[PDB]
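First up is the structure itself, then whatever we jot down about it.
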Amino acid sequence: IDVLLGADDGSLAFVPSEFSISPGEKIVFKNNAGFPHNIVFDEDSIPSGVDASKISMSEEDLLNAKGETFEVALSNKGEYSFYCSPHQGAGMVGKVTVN
Ligand SMILES: [Cu+]
């Protein structure tokens with residue numbers, strides 16, 4: 001599943017921001033507009049026992065250039081909240097459900 005980092009109108013959003021997948025299916029987060037961006041899973045809002053570091057950028061890391069990507073596949077079932085660290089307060093957040 002491709003997820004744009006920044007909408008095509010420049011909005012600071014993941015597109016889509018709420019979605020479901022299956023265990024092992026690629027999420028490709030792609031820099032689109034308003035970058036730099038990153039993708040950080042909230043370590044307090046992911047499934048029990050999941051290591052956020054295996055699936056997240058650090059907050060200090062950035063995708064700098066248009067078209068740069070961060071790929072992740074999620075294993076464990078449940079809800080995972082994530083955000084772009086520099087744009088979290090602007091509303092650049094999302095939630096993926098592995099089911
Ligand atoms: Cu961002």
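One point on numbering: in the entry's author numbering, the residue at position 57 of the sequence shown is 57, and numbering is uninterrupted. Beta carbons: idealized from backbone N, C-alpha and C, even for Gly.
What is the rounded straight-line gap between the Cα of residue i and the Cα of residue j?
i	j	result
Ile-55	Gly-10	26 Å
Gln-88	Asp-42	11 Å
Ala-33	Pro-86	14 Å
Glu-18	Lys-66	22 Å
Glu-60	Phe-82	15 Å
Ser-58	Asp-51	12 Å
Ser-53	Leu-63	16 Å
Tell me the residue span of the beta strand (DSSP E) that contains residue i.
i	result
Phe-35	No beta strand (DSSP E) holds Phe-35; DSSP gives it neither H nor E.
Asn-76	Careful: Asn-76 lies outside any beta strand (DSSP E) and carries neither H nor E.
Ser-20	18 to 21
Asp-2	2 to 5
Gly-94	93 to 98
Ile-27	27 to 31
Could you tell me how far apart the beta carbons of residue i and residue j are, in whole angstroms, since I believe they sit closer than 8 Å?
i	j	result
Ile-21	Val-96	6 Å
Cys-84	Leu-5	7 Å
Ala-13	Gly-91	7 Å
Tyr-80	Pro-47	7 Å
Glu-68	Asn-31	5 Å
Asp-2	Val-40	In fact, because the Cβ distance is near 19 Å, the residues do not count as touching under 8 Å.
Let me make sure I understand the geometry here. Which of the options has the alpha-carbon closest to that of residue i?
i	options	result
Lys-26	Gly-91, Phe-70, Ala-90	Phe-70
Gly-24	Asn-38, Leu-62, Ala-73	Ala-73
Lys-77	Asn-64, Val-28, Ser-45, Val-40	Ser-45
Counting by C-beta, which residues lie closer than 5 Å to a heavy atom of ligand 1, in chain order? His-37, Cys-84, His-87, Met-92
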